[PDB]
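[1] Can you look at this? It's an experimental structure, sequence on top.
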Amino acid sequence: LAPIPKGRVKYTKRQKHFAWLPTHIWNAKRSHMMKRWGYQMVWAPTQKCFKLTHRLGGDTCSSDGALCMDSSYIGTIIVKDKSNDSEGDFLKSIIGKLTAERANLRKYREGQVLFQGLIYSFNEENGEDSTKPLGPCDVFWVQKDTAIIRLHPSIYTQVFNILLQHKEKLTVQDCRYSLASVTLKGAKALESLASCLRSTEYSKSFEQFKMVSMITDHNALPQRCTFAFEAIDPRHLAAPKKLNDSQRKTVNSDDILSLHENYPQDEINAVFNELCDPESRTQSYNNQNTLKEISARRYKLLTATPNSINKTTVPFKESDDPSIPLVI
Amino acid sequence: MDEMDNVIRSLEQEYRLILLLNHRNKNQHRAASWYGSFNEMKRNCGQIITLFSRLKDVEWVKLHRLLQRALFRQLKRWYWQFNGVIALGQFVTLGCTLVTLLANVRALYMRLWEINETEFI
Amino acid sequence: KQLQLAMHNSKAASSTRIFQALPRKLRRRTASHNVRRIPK
RNA sequence: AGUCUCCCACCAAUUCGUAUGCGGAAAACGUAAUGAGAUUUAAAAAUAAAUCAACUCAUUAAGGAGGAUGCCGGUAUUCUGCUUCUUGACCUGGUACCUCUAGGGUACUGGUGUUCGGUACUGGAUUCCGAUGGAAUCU
C-alpha cells in the first residue's frame, strides 16, 4: 500500500484518518461534505437540484448541458503478470475466480470492451470453501496480460489482499494515489470536454473524437467507443473554444459503421501503456510550468512575426514541454 | 501640438478616477459578477498608458493595434454588464458612474485610433 | 463625464433598450467593508 | 425573525506559503484541561460580587522511543532524547554574471532605513477563407 501524497504541511496534518481528493479545497467552498470509508468526499451542492438533475443528466431529450462528477475516490488497481510471455493465462484464472465466469471471454478480452458486474471473494485453499458477494467492479483488459480494476473504496482492501496471496506470480500497484478520473453525464457532454483538449501531433483517434463529439444522443453509438491520446497543457487556451464543427452537418448512419472497422489498435495501445508505468508518468511532469511563466509566454504573443493573425493561444514547443497521456 | 498631448492628459484623469474607485470598495464587492470585467478594463487602460510614458518618439513597434481590440471584441460585455447593476436596483450611483467612465474610455480610444494610420504593414 | 459619448455608444443599439435582472443562480450578496480580523 | 460575520473565480508566491491545545475551506465559529480577575480592573454599568454554576482573560505543536507512580508484557499518570523542510519580510547600497535593448534581469554580500498584484471568458443565428486555424455580419 501507499501513503498520502506529500504537500502543504498545514493541510497534510488533517489527513491522518480521512484523505483528500485533488479538488477538495475547491469543492469545500461549494458543497456539503461528509466523512466515510477513509475519504472526505462530497455529498450534495448547496442548491435545490431535483428537477435540473433530471432534465440535464437524465435520459430526456431536452438536455442542453452536462454533469461532471469528481470520482477520484474510486480506487484503481493495475494487476499484471510477470511470466514475460504475452499469453498470460494465469491472470485469466484469477479474474475468472474473482467474479463469476464473465470478465474473461472473447467479448471482453480481445474486443477490450468495458465490464460491469458483481465481484466475489474466493477462498479456495483448504477443503471446504464458499463465496460471498461484495459489490460492483470495473475490469478492463489490455494486451491479454494487463488488467485495470476499479472498485468502491469500501471493498478496496478485502479483494486486494486476496491478490497478495499470489504475488509470487503476479504484480500489483496500489495506484489509487497516482491516477485520477472524472465522470461525465448528459447529452452535450463530449461537446464540452472537446472544447478544452488539443493534441501534439496528428492522430486518427483524435479525428474520430472530433467526429463523434457531434451526436447529442449517445445511445446510438455502438458498444465500444474508446479514445486515447496525448494532450497538451490545457492552460494554454485561456478560454474554452469550439472545434469549428459547424462546417460539417451531414453525419449519417453510414459513417458510424466505419467506427467498427477503422479502429486504431496500435495507436491506442502505445499511448495507453504510458499510464501503467510509474516512471513514464513521472516523465510526464518533466517540466510543468508555473502560472507566471505561462503568462509571460502569452504576453510574448503581442509581437509575433505573422502580424496579421492576432492569436491568443500560446504555441507549443517540440521537446521543451510535457505531453499528458489521456484515456476516455 | 494637438495630435497627441491633448488626449493623454485625459487618460491621465480617467486612470486616477478608476484607481480611486477601485481602492475605495474592493472588500464589499469582491464576489460580484462585474469585477471580471472591471479589472480587465483597468488593466487594458494601464497597458496603454504605460506605453509612451522622451524628446523623440521611441516607437520601434507600433503594434498596440493588437492592444486596441478592447473596442471591437470585448466592449459589448462591459456595456451590457454595467447596466445590469442599474436594473437590479440596489446600487444606482455605481451603474451611472461606470457607464460614464466606459463612454469616456471608448471615445478616447477611438480618438487615438482614427488619427493614426501608420498601419502600413 | 458627458452623456454625449453615452448617446454615441448607445447608437450601436436601439433608442431605449431594456435589460433583464440577473438569473437567480448568478447573484451574490455584499460582504463587510472593513478588513479581516486575525485570531487572538 | 436580525442595524451581525464567512463562502460561492485562480495563484510555487508584491495573493493572509498561517506547521501554533483539538475540530473547520473559512467564520463577531464550535469544544477540552490548568489557572486567574470584575469601575480598587486587561476590561462592562454608579454576566458575577456567601458556596457551586454564569461573564471575561492568560498558558498549553503531532508522532514515536526510553525510565518510573498504580493495578494485573499491558493500560491511566509522570521526566529525558529523535524524526518530520519549497534557499520566502519591504525598501536600499556593493561585486560577479546574462541567450535581454549607455539601460533591464539573476547569483554572493552589507545598512535599521484600515481595502491598491497578475492572467481570463457574454447567450443565440447566419456568412467567408489553400482548417485541432483565421475572418466578417445580424439579433
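    Noted; the coordinates are in hand. Numbering: from 1, shown residues only, chains lettered A, B, ... in the order given.

[2] which residues touch residue A:135?
    A:118, A:119, A:151, A:152, A:154, A:155 (C-beta atoms under 8 Å, 6 or more residues apart in numbering or on different chains). For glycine as for every other residue, the C-beta is placed from the backbone atoms N, C-alpha and C.

[3] Of these, keep whichever come out buried.
    Taking 16 or more other C-beta atoms under 10 Å in any protein chain shown as the criterion, what is buried in the contacts of residue A:135 is A:119, A:151, A:152, A:155.

[4] Quick check: the farthest pair among the residues you listed?
    A:119 and A:152 (9.8 Å; C-beta to C-beta).

[5] you'd agree residue A:91 is up against residue A:78?
    No - Residue A:91 is beyond contact range of residue A:78, at 11.7 Å (criterion: C-beta atoms under 8 Å).

[6] Next, show the common contact partners of the two.
    residue A:147.

[7] For these two, work out which one has more neighbours and name it.
    Per other C-beta atoms under 10 Å in any protein chain shown, whichever of residue A:91 and residue A:78 has more neighbours is residue A:91, with 23 against 20.

[8] rewinding a little: shared neighbours, residue A:119 and residue A:152?
    Shared contacts of residue A:119 and residue A:152, counting by C-beta under 8 Å, 6+ apart, come down to A:135, A:136.

[9] need the residues of chain C near chain A, please.
    Within chain C, the positions near chain A by C-beta under 8 Å from any C-beta of the partner chain are residue C:25.

[10] Wondering if stretch C:9-25 reaches RNA strand D at all.
    No - judged by C-beta under 7 Å from any atom of the strand, stretch C:9-25 stays clear of RNA strand D, getting no closer than 8.2 Å.

[11] Could you list which residues are in contact with the residue lying closest to residue A:113 once chain neighbours are set aside?
    Once flanking residues are discounted, residue A:113 sits nearest to residue A:224: 5.0 Å by C-beta to C-beta, 6 or more residues apart in numbering or on different chains. Counting by C-beta under 8 Å, 6+ apart, residue A:224 touches A:111, A:112, A:113.

[12] What is the neighbour count of the first one?
    Number of residues near residue A:111 (other C-beta under 10 Å) recorded here: 12.

[13] can I get the buried ones among the contacts of residue A:135 in TSV with secondary structure?
    Listed next are the buried ones among the contacts of residue A:135 as TSV, based on DSSP: H, G, I helix; E, B strand; the rest coil:
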residue	secondary structure
A:119	strand
A:151	strand
A:152	coil
A:155	helix
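
[14] Now flag whichever of these is closest to residue A:209.
    residue A:151 (27.8 Å).

[15] ok, now how distant is the closest one from RNA strand D?
    25 Å (C-beta to the nearest atom of the strand, to the nearest Å).

[16] now do residue B:22
    Distance, residue B:22 to RNA strand D, by C-beta to the nearest atom of the strand: 6 Å.

[17] ok so that residue is a helix residue?
    Yes - read with three-state DSSP, residue B:22 is one of the residues of a helix.

[18] which residues does residue C:28 contact?
    B:31, B:32, B:33.

[19] Compare those and tell me which has the most neighbours.
    When neighbours are taken as other C-beta under 10 Å, the top entry among these is residue B:32 (16 neighbours).

[20] For that one, give its distance to residue C:25.
    Using C-beta to C-beta, to the nearest Å, residue B:32 is found at 14 Å from residue C:25.

[21] Who are the packing partners of the longest helix anywhere in chain B?
    Secondary structure of chain B per DSSP state H: the longest helix is helix B:93-114. Helices and strands touching helix B:93-114, by 3 or more C-beta pairs under 8 Å, 6 or more residues apart in numbering or on different chains; DSSP states H and E, are helix B:8-24, helix B:35-49, helix B:76-81, helix B:84-88, helix C:3-10.

[22] List the contacts of residue 23.
    You didn't say which chain, so I picked chain A. Counted by C-beta under 8 Å, 6+ apart, residue A:23 has contacts A:70, A:72.

[23] what does chain A put close to chain C?
    residue A:47.

[24] which non-adjacent residue is nearest the residue nearest to the spatial centre of chain A?
    A centroid search over chain A (C-alpha atoms, centre = their mean) returns residue A:181, at 4.4 Å, as the residue closest to the centre. The shortest distance from residue A:181 to any non-neighbouring residue, by C-beta to C-beta, 6+ apart, is to residue A:71 (5.6 Å).

[25] That neighbour and residue A:262, how far apart?
    Remark: distance between residue A:71 and residue A:262 (C-beta to C-beta) = 31 Å.

[26] Residue C:8 now?
    Between residue C:8 and residue A:262 the distance is 57 Å, computed by C-beta to C-beta.

[27] Please say which of those two ends up with more neighbours.
    residue C:8 (14 against 11).

[28] how about the nearest residue to residue A:130, chain neighbours excluded?
    residue A:123 (7.3 Å).

[29] Smallest gap between the stretch 151-300 of chain A and chain B, at which residue?
    Using C-beta to the nearest C-beta, the single residue of the stretch 151-300 of chain A nearest to chain B is residue A:299, 9.7 Å away.

[30] Give me the neighbour count for that residue.
    11.

[31] repeat for residue B:42
    16.

[32] Surely it is in contact with residue B:18?
    Yes - between residue B:42 and residue B:18 there is a contact under C-beta under 8 Å: 5.4 Å.

[33] What parts of the stretch 51-200 of chain A come near RNA strand D?
    Within the stretch 51-200 of chain A, the positions lying close to RNA strand D (C-beta under 7 Å from any atom of the strand) are A:198, A:199.

[34] hmm, I was thinking of chain B
    Contact residues, chain B versus RNA strand D (C-beta under 7 Å from any atom of the strand): B:19, B:22-27, B:30-31, B:35-37, B:39-40, B:43, B:46-47, B:60, B:72, B:74, B:76-77, B:80.

[35] Could you tell me which of the residues you listed count as buried?
    Counted by 16+ other C-beta under 10 Å, the residues of chain B next to RNA strand D give residue B:37 as buried.

[36] Residue A:153 versus the residue nearest to residue A:181, what's the distance?
    Between residue A:71 and residue A:153 the computed distance is 11 Å (C-beta to C-beta).

[37] who's more crowded, these two?
    Each of residue A:71 and residue A:153 has its neighbours counted (other C-beta under 10 Å); residue A:153 has more, 16 against 13.

[38] Need the nearest residue in space to that one, chain neighbours excluded.
    Distance criterion C-beta to C-beta, 6+ apart; nearest residue to residue A:153, sequence neighbours excluded, is residue A:37 at 4.3 Å.
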